[PDB]
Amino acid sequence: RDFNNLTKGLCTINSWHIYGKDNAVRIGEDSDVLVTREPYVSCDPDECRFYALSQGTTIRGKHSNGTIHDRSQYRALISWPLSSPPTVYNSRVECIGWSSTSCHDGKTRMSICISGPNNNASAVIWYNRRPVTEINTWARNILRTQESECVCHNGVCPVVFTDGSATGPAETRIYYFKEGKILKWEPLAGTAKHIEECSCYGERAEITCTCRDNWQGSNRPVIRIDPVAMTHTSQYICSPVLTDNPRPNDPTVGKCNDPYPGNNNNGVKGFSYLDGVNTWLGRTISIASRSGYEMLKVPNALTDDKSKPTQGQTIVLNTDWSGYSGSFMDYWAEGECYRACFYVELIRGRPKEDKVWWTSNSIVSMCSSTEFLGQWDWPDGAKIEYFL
């Protein structure tokens, strides 16, 4: 119809309610479920769907052997109905590649997939299910993007890309697309020192992205974008409640404009909702591995270097496997505010469970409630022994 505008603010988050869960690995033990990873959720004006990068094989298939690998010619961004598992028969391919993002601008959807060898990758930007623009690697070192939805405002949909080292300075760019065409791009600015896999959301004409500093930071870098002026800033979440993984133990004071030290060259895609006292941070419970997942209300986390939790909610027990997490919202819902949502990737198989030769995941997703709801934990639920 008309382009969507981020006219609302976030609803007050007093707890999180279950939104979707596909139990993909449980079901796929005996049905034609595709092996995936790097999942996310994204809404169209009339439907919300699950998204992920297929590995081009079913979990029970012999080709599932080796799916711990990230980039192959057999991967593709697929989407499927909310809470259903990604099956061979219900998965819709959005584009071919091993790194992606996708978002609806109110009129139609833009999907981006990057493919190619490490030194010669390229992004293809699809709009209205047709390829429109292509961007060649600029640093010749794994051109890569968000792995979760982008956000649009009056037709302008910013996307964060990184090309270059994962263990030193890299070349991050913010591209501003409209109808799949490049309006402008700019190099990363601000104090964030390394950027990977940004998780974004929008409210009141501003887009906030919480990313991953793979090089040095255990606190997460934050990029705030003005989609009208097509400009941005960057910094780190100030709070001493560290949210990357692996990470050192939480200190009493964090860092606002530099990576909090202790862990180098590693991390995990994550997210946050930074809205004054209505601020909630997601993180794995373990400081060593992708185990467990919790949401912590940390008032003013972005700007207060001593901010600590005032409330929380466990999503996945520390005795269960988690993984990537990111933000999304249904910008086309009723009401006066945008309801914050997120998903957690529940990785099964390698490297943590190496009795099987594959790596896959299932999805759990939650949205905020203004009520203070009781909590439950949401594990993947599959028994690896069954796959032996």
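Residue numbers here begin at 1 and follow the sequence given.
For the pair 256-264 and 279-287, the record assigns the higher mean C-alpha temperature factor to 256-264. Comparing 100-108 with 210-218, the stretch with the higher mean C-alpha B-factor in the PDB entry is 210-218.
The entry lists C-alpha B-factors for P158, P251, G292, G270, and the highest of these is at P251. The residue among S79, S115, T145, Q235 whose C-alpha atom has the highest B-factor in the PDB entry is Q235.
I68: CA B factor in the highest third of modelled residues in this chain (values from the PDB entry).
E29 sits in the middle third of its chain by CA B factor, as recorded in the PDB entry. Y89: CA B factor lies in the highest third for its chain, per the PDB record. Annotation for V356: C-alpha temperature factor in the highest third relative to the rest of the modelled chain, per the entry. Per the PDB record, residue ranking by Cα B-factor puts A301 in the middle third of the chain.
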